[PDB]
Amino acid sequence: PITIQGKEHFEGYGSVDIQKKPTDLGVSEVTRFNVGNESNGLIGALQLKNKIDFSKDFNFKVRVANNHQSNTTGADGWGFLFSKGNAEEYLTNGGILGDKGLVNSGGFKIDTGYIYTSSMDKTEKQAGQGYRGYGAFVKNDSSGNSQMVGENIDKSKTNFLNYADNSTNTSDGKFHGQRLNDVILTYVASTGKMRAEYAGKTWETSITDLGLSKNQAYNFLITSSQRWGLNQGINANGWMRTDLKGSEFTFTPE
């Protein structure tokens, strides 16, 4: 097993860049998704240069900050995606932040954007004026169709979370999604179980329910998008930012 930190372990694809000295995040630089403007939205990915050996454990701690933006014009969310496919395929097919994407792939999403035609968004009651979002494990089948899998393991069994707020006390010690916060993703290869922790909540699934297998090696993609595939343009800042310097990724490469 290795442990790595830093953006140089990833190859960037699509609508992604580096933001130097963000005045609102408290870090000296940050990787920034959803920059620019296109008529069918924005889509971007960072692909880990090594593949992950799924016969061995992994633990990821990813520091992410969500856009402080309406969920009808802001970013679609974060998708932490495992696939035999690659980032260039993701850029034209989608990942796990919508209704369809890269086939036979799966991972965990932090959903920050309301796609009013999507069944998963409707059942999660994402429509509203607040910063309404939700977390979930998602699997794409052999035709690429996305389905929620696993479940939330808090008492609520609910997926809902506020992905940003209007607090003037962001350093009070509590969760404020527009600042940098830990996404923890843990996998125990012996048992097949994958767990995600974010915003004080916890989810769990098996890699079997994600459509993945133990005796394989997968590409790992940190992905985001903004209104991608919806033919609605880009009409607000939807920056989604991750501090890869302060993140850590432990896994067995393959």
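One-based numbering along the sequence shown.
- The mean Cα B-factor in the deposited entry runs higher for 152-160 than for the other of 152-160 and 82-90.
- Relative to its counterpart among 56-64 and 184-192, 184-192 has the higher mean temperature factor, C-alpha atoms as listed in the PDB entry.
- Per the PDB record, 119 has a higher Cα B-factor than any other of 73, 178, 140, 119.
- Comparing the listed residues 203, 218, 228, 33, the entry records the largest Cα B-factor for 218.
- For residue 127, the recorded CA temperature factor ranks within the highest third of the chain's modelled residues.
- In the PDB entry, residue 173 places in the highest third of its chain by CA B-factor.
- Residue 44: CA B factor lies in the middle third for its chain, per the PDB record.
- For residue 69, the recorded CA temperature factor ranks within the middle third of the chain's modelled residues.
- Split the chain's modelled residues into thirds by C-alpha temperature factor. Residue 24 is in the highest one.
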